[PDB]
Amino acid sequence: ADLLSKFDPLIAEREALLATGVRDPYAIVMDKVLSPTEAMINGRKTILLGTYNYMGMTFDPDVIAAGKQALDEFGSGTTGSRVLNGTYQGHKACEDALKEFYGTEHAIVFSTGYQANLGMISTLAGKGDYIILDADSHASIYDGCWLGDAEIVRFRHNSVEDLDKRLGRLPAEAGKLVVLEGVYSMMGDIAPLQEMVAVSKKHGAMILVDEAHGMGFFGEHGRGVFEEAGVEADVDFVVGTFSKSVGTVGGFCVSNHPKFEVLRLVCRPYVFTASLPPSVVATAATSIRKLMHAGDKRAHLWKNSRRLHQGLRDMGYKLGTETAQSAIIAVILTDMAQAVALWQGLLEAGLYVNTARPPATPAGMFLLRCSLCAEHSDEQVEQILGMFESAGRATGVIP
């Protein structure tokens, strides 16, 4: 027995699943990517409906040109931390792009969204402080909590009432950080941030909101659900990513707090990692600036999401939301065998979607998760619906 022995049940469970010949969801390789919406998987041309490329920026000609030029002018990488030799003009320019996008006085870029959450949460709340978060918060937010030394307070998923109740029992003078997400990624529903922010401010909490899943398509300027909800002035910190709407890699946190820049000196997941390559901050900056004016993509993203949502429910699928609340649509299934047959059937017909399973989902609930892209054409959305209809009938999920 050694340190990997604790994974023996999982390995055994996996080998037994694979022994039945079913397709492995952990072995999908994009051999070739034709566009933001199509890739070759195992020799088959496949519509991608399981990416977070919400605004189709990954093949934007300006983004790509910026990346190439940065490689020529600045090289493949910085070979240093932001706090030593790794801050190039591109890193500062990218932070300026974020300040303009969010209308904030400060922007700190991290090397991943994971690190942004891990760092912000583990640095802001220390011994004697409390972190109050939704039970179903993203793993990176939890990892922030677990890395730090604060007291953790979980409130029932999506319950303003429970948040308020839980905050009220906490000691008056303890520091409190409420961490919220704009869009809950599992089911693609949105948080009631207006109500939750008001409850949080009433108890004197500082508020950090993750807006990774609404960038470019919620709020007047595309800043996220918090802007749409009208609580921009009451949110202390907004964390996001470069790996979804922006279409590259990286994380960030924006804020108007006058002491915010001090985090560059103390935030360990910022300090003790290399800064991003010049090509990454160039592509990110160019993408971010275009996202400020991407009204056409935004409008088409919403059209796509509403069409797919309405179409799926109309043919008999049960969805995680009564209406399209975001660009994520969750199809709910009650049988594991049925869930795998449908997913595999879709894949073999040329459609890729994501899946979710217990214990990530609650017991007895199996999800197919669809995420729309601004670059899905009207015609592709109709094809997608046709594929769901065909595969759904073949597997007995719908009549």
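In this text, residue numbers run from 1 along the sequence as written.
Visitor: On average, are the C-alpha B-factors higher in 183 to 191 or in 140 to 148?
Guide: Averaging CA B-factors over each stretch, the winner is 183 to 191.
Visitor: Out of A70, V29, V33, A330, which one has a C-alpha B factor higher than all the others in the entry?
Guide: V33 has the highest C-alpha B-factor of those listed.
Visitor: Among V225, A174, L98, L118, where is the Cα B factor highest in this entry?
Guide: Largest recorded C-alpha B-factor: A174.
Visitor: If you rank the chain by CA B-factor, which third does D134 end up in: lowest, middle or highest?
Guide: As the PDB entry reports it, the C-alpha B-factor of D134 lands in the middle third of its chain.
Visitor: Of the three thirds of its chain by CA temperature factor, lowest, middle or highest, which one includes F74?
Guide: For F74, whose C-alpha B-factor we compare with every modelled residue in the chain, the answer is the highest third.
Visitor: Comparing against every modelled residue in the chain, figure out the third that the C-alpha B-factor of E261 lands in (lowest, middle or highest).
Guide: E261: CA B-factor falls in the highest third of its chain.
Visitor: When the deposited Cα B-factors of this chain's modelled residues are ordered and cut into thirds, is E38 in the lowest, the middle or the highest one?
Guide: For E38, the deposited C-alpha B-factor lands in the middle third.
Visitor: Using only modelled residues of the chain, where does the Cα B factor of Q383 rank: lowest third, middle third or highest third?
Guide: According to the entry, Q383 has a C-alpha B-factor in the chain's highest third.
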